[PDB]
Amino acid sequence: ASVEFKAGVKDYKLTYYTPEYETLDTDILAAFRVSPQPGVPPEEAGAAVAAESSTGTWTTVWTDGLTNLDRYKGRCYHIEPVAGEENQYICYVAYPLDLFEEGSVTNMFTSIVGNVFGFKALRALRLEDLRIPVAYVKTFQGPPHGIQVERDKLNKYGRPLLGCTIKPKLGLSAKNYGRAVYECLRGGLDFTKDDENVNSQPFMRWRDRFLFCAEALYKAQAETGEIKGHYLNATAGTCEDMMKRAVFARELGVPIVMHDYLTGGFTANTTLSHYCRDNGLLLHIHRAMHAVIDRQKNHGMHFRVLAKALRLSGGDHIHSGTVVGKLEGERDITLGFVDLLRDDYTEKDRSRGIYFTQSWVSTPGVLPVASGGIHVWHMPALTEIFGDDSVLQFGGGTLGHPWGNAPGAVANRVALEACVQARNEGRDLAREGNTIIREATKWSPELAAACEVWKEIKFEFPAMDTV
Amino acid sequence: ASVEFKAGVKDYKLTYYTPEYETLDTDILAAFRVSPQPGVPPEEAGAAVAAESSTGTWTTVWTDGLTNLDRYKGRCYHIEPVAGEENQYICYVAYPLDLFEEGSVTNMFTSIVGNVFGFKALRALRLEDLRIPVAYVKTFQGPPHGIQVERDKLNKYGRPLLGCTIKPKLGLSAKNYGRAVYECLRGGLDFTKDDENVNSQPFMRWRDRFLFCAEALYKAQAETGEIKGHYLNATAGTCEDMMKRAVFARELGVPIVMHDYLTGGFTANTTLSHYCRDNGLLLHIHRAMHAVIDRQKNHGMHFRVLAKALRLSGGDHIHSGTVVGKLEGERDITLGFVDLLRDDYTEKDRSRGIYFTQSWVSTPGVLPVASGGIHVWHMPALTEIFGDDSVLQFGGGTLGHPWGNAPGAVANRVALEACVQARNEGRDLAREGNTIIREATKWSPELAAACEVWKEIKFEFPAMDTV
Amino acid sequence: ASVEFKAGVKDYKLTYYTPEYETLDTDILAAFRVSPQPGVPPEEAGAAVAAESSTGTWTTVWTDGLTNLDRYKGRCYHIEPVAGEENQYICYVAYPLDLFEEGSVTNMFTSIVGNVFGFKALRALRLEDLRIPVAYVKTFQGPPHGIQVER
Amino acid sequence: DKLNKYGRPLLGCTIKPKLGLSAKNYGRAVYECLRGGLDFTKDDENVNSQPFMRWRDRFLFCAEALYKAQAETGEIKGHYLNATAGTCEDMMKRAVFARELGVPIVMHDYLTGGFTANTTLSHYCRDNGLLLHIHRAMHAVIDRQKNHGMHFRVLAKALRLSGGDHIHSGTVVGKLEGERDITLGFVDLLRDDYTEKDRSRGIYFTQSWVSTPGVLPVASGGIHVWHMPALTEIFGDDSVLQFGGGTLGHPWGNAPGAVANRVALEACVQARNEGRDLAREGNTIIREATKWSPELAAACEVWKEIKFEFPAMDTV
Amino acid sequence: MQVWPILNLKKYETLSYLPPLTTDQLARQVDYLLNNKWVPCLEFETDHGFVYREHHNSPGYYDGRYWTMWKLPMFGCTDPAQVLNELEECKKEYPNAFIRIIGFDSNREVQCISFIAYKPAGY
Amino acid sequence: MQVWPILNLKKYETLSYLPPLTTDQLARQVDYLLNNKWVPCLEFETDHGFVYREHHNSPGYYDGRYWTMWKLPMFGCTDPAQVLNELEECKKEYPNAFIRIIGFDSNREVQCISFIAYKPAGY
Ligand SMILES: O=C(O)[C@@](O)(COP(=O)(O)O)[C@H](O)[C@H](O)COP(=O)(O)O
Ligand SMILES: O=C(O)[C@@](O)(COP(=O)(O)O)[C@H](O)[C@H](O)COP(=O)(O)O
Ligand SMILES: O=C(O)[C@@](O)(COP(=O)(O)O)[C@H](O)[C@H](O)COP(=O)(O)O
Ligand SMILES: [Mn+2]
Ligand SMILES: [Mn+2]
Ligand SMILES: [Mn+2]
């Protein structure tokens, strides 16, 4: 069992490249896109990434003999050349289950992406996908409530839900924030929300905002007869402050709070998810700062990973991009991480970005949220890409309307219900979408007015991370 | 006076590009490397970044008329083209102080970095530098203890502090983990380290490790008669668990604990840093995941931005790079941000990466920590690059010695002290470093052993992020 | 650069009267109406107020060599006489920001206004106006709601 | 009784410079002062928690220092750790850590802190066996002038009620203003159960304290060894004498500066016990002690002709 | 500049920083005690000369403040020589004990005088 | 492989693992102190040369970090010789005490040098 100790710097491939190994079902699997520095073999790169993300250091250490390293070491088991790219390979790594702390997305990322991405030996590194074994999935509580309970709690079925980000992003007063929310919700929107950067500020403190948003929300619910929600941001510099905001919302009896899980952190997000499940509070998750990490193909961490991390940490909603909007989202890749958020099982599909087959052992679905630079002409396409289980959020789309918010909300709700109606009668939203919007302008002046303003507005640019 | 609401999209540059603007001293200033997509004017790109990070959105909203937007809007006050580049620009954005929540690095990043990097109109976006005004600096607590109080609490003056990181990274039992710490600490190393990925796991549970590491550090301290620490990892999945580990280390009377602030998140780190201030505990910060954000010139955030944030959030130590080790390190870039962490005032130095002058109104300093692929031969260079106020960490270097840990510690202690003597006596470390190492081998049996094992080891790969 | 320690009383004005000084925006400024006792020069009284409000005592202490007193000393930067008055002057004192505890009006008053008003060499002392720096303002929560939120 | 110190006034120091010291240099200074024979050291009234020194670090370093000095002297030592703060919560956190340290004495500034926080702290010190030293900072804004304000005897009676084991009383002979007959009056109000009305001493009413404990008067502010016979004779043995500049300004250092003040005071106590009059023999008693004590002999040479004589703003 | 000694410089509260007391000086203090109508008592400790904290760390708590009483407090003692004679008696029975003289005021119920009358060898 | 000794291997922080200092080496150190413009000071301890914990177990608390100060930090000293004679005076008075030379930075108020300069016999 025991081999001598020789002090020395060995190639990582001597211990950490194992092309024969068969991946255990308990292993966490990783797909890294590895771009080695010129003159580093691909096998050494794979092994280095597996070793310093698991149990390895630059020179041989005598303590290695005290443990059974073969049981605990990360393994580069498949190397695949990326066609069209020299010195780029997709390196598959497996990690034994015992390496991970139960219920800690924090811990999982710390091992897998903590130090390896800065090694001199690699020009670039990107984590494209992870296979998380069901036995680790069962250690996380997951979404506090999830898709089924939230439709049941709100009594909302048969359509994508509708949201609106209050604008200007910053600088509104608490009272004007509430008068904004009321008019948006009285026009047929289901949800309004604080902007991601609206926390507590010298122009608007949070307890004032929460208090005003509560009144407006409830006034809107009485007039409409339809349940209403306003995401109240609990994001803060400390967890004490995060809880203080969550506690007051519970006292207010509001349905939903929001968090920015990357800028607030996975540690605090997991704290908040557990309070939400404990107090029946919905958690809407803003993905602020993901694009620093995931915009580029050569380096970083794709949103699929961070989106799975969120399902484990916990959120009832997560922004997913719009495809058609101002922010970058490629349809085929977005469709893949949408099914990763929403469904129990997703088989591997390289055409949609999915490198591994992932199962969630009944971890509830997360409701994908499309926000940013979308207007009533985008509604047919949005209904088609995301299906009924989504939330469609129009910020500029509601408040930019010429007659006001309440007319702007009617335009978006009307646009949506006409799309749902036509889809349900069998029409092709892709081909017929504009005909359906135009039809509905004949009996809705609110929609007619929204359509004249945005008729030419498109977002069409070359992408930076396609498959 | 007021201007009529006119619904429709307008160019961002019309309100958010302000070359005439003179920056207020209270404004947060941001230096962005901006790569527009084709067909986008540099001025429109810079004004788009400033808009959607502060108050703007894609279409004109009536509610702008309720506030005084000119007072709260983020502004692009300068555009400077990058050398040797076409369609890449350096855009300076100034954010008013009111936009920001006091005491929250979370909020600051949510606004400045939250959605801009995802915009379809930008090929790439990188945040190179942030100028935090002194009035915002005062709102944060900063390092719990800082450089002066930490040296005073440990009674250690006149040299860099020395540490080793226990290896293998994962897989060691708690008893064996402790046995390693004592052997390392008795040889003269000031600190031992929990690995960043070591939280609580099936192979080693955190409380057992905390307890055993405590016994080992005290026994080593009694033998040595020199104060000793071992950084215990409070990084966890929830804040409750993070705190639980921090309280136990307080029960044990040990001096130092650690956090991975990026994977734990800023919210949790600020909370921990506030706990350490209140209970006398030193807080060591590991920068895991930074390379996912900061490796590439074209896209991301520079580490100088993240290092600043940790000084504001709170930490007594922060990993700084080695320049000479396995992970990427650029001497001139590193030398700039080691000063930003260490001193009260830093003049803008474009050669050293500093885009703005930054003042810390007596915010305590952070001890820079050098770790990763460094051996005794690296000791003269390290001592010169970082100076007395640093911590050197030799995990592989200590546990890779052929005679063991206690000898492997003596080698690094003898190396540094011999380097320190030379600098005191007027020898130039860069020129004579090897000759100083070579004299020490003649009188030191342990240091000699170390020197032959690693004489030929050097990391010399071309760097991906140059000024 | 150190200076030798010499025990014994020295005049306040040598260390704490600085007509040349230019106030930083971080400094707390205070406008004191000063009435010195007979035979006390205005410069000595203004410098005595600064010294005993910030970093000074009656005699020289050795511990001053460990710190940088110039970075921490309060300074009388200006003295203007009062109209219609004799041996009454308006003394302007600048206190560095580091002297003060964040968010504590108690600390602000204990330094600026704590002991100076009882000094024998002074017939009377009034504090007329405080220039609180914005960096110190930011450390305070301020009104719980304020005028707008109240309406 | 708790400190086992009888038969003489207690000796204190105020660490100097007032602001700017690090926590560790605060503690070296505390240890050197305490080992020379001083009973108490103290945080200056403005020293709370600051960018140059945070309180918890101060509390810890000062705790190790007073224990080092107490171990080598054989005498109980105390350092007044300042509890004054911006909020009652911060005030409590400070008083709570002092208790964990098992130290004997904490301090508050009750006029800048306010009466509500001071009565809260007074109640905590009784609950936890902590002595409370009260600094009267900002009083002179109220009580210097005869025409307007409150006299300090009103504020002194208020502190005895609010609660304090020490209150600064003035030196009479020091740099701050105090008239000997007035100071003698409110000192009696601070220490005894009963004071008859004495218009000559500013006592307008007969006051009874119904067995409320007395407060120890504290004399501080521009005093040195030559002032010692006069302080001992004015205030009696139930007092605390505090030499900041007197200890830290000594040319040999703090430990010698402590020994000067402790030697001087005990030479006065012996002479008084032998029957000599401190007002009349004060210079000869200090001078005779300088022949055997070099530390006393050095300090005298430095503070020989240093006096504080000025018209008073408030006389009877 | 003379450095204050750090070793064996144990102190004994009031008058211990003064030169050692002559028998006439000790009598003077006892007379100051008697003239003030304070009750004289004698107190001796062998085991622990100086203060310590063995049993507790609580604020205000120290060990070794209490000493053993010699005989009883001499109420109604009008004669200084009794205190002196009692000292020599305490000394002869307890030569290796520190001994100190304490003065009791009934009205304030506090000791008004305490000074070390005798120190054993090595002290 | 050589086993590091267990016993009587107490150490003295910076330069202690280095071989023992020649008078020339000590002088070069104080020359490094003075040329950086730090202020030299000298510290002695007899009873507790190594750190211990007696009075508290709180984080960051230890005893024996504080040593006694020999005279006063030599402010205004440009002469290494004056520092060196000062070490000699300390030794003659305290032969059984450990003695160390330290250096103060006023700008940062942190000691910038600490090294043992004399040890009692057996050490
Ligand atoms: O802050 C904003 O700009 C938004 O409120 C959209 O504003 P409008 O609705 O007014 O355009 C969303 O947060 C962005 O879509 C971020 O989207 P995501 O993270 O999903 O990409
Ligand atoms: O796990 C590691 O690799 C280390 O413990 C060093 O290993 P060795 O001590 O065995 O070399 C450090 O945490 C890395 O330097 C982190 O990188 P960075 O400094 O960029 O944060
Ligand atoms: O700040 C000061 O000056 C002191 O620390 C004394 O310093 P020195 O010992 O160096 O003079 C005391 O607070 C005053 O004596 C208080 O005055 P009062 O008793 O009138 O309230
Ligand atoms: Mn938003
Ligand atoms: Mn590590
Ligand atoms: Mn004071």
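Residue numbers in this text run from 1 along the chain shown.
Looks like X-ray crystallography, 2.5 Å, at least that's what the header says.
Backbone N, Cα and C define each Cβ position, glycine as well.
If you compare A:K156, A:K193, A:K348 in Swiss-Prot, the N6-carboxylysine annotation sits on A:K193.
Using a 10 Å radius centred on the Cβ of A:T57 (substrate binding site) and all shown protein chains, the other Cβ atoms total 25. Nearest to A:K167 (active site, proton acceptor) in space, judged by Cα atoms and limited to the recorded positions A:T57, A:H286, A:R287, A:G396, is A:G396.
A distance below 8 A between C-beta atoms marks A:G373 as the recorded positions from A:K193, A:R287, A:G373 lying next to chain B. With a 10 A radius on its CB, A:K167 (active site, proton acceptor) counts 25 other CB atoms from all the protein chains. Spacing of A:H286 (active site, proton acceptor) relative to A:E196 (substrate binding site) is 7 Å (Cα to Cα, whole number). Taking a C-beta cut-off of under 8 Å and a sequence gap of six or more, A:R287 (substrate binding site) has these contacts in its own chain: A:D260, A:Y261, A:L262, A:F303, A:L306, A:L310, A:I318, A:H319.
The two recorded residues, A:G373 (substrate binding site) and A:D195 (Mg(2+) binding site), have Cα atoms 14 Å apart.
Among the recorded positions A:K6, A:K167, A:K326, A:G396, not one has its Cβ under 6 Å from an atom of ligand 4. What surrounds the Mg(2+) site, by Cβ distance within 8 Å of the Cβ centroid and not counting A:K193, A:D195, A:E196, is the set A:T165, A:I166, A:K169, A:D194, A:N197, A:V198, A:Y231, A:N233, A:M258, A:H286 from the same chain.
Note: the CA-CA distance between A:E196 (substrate binding site) and A:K6 (site 'Not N6-methylated') rounds to 55 Å. Taking all protein chains in view, 25 other C-beta atoms sit within 10 angstroms of the C-beta of A:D195 (Mg(2+) binding site).
Within 10 Å of A:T165 (substrate binding site), counting C-alpha to C-alpha distances, fall the following of the recorded positions A:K6, A:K193, A:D195: A:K193, A:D195. Looking at the residues that bind substrate per the record, A:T57, A:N115, A:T165, A:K169, A:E196, A:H286, A:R287, A:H319, A:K326, A:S371, A:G373, A:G395, A:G396, the two CA atoms farthest apart are separated by 52 Å. Figure note: comparing Cβ neighbours within 10 Å for the recorded positions A:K6, A:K193, A:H286, A:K326, the maximum is reached by A:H286.
A Cβ distance below 6 Å to any atom of ligand 2 is met, among the recorded positions A:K6, A:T57, A:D195, A:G396, by A:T57.
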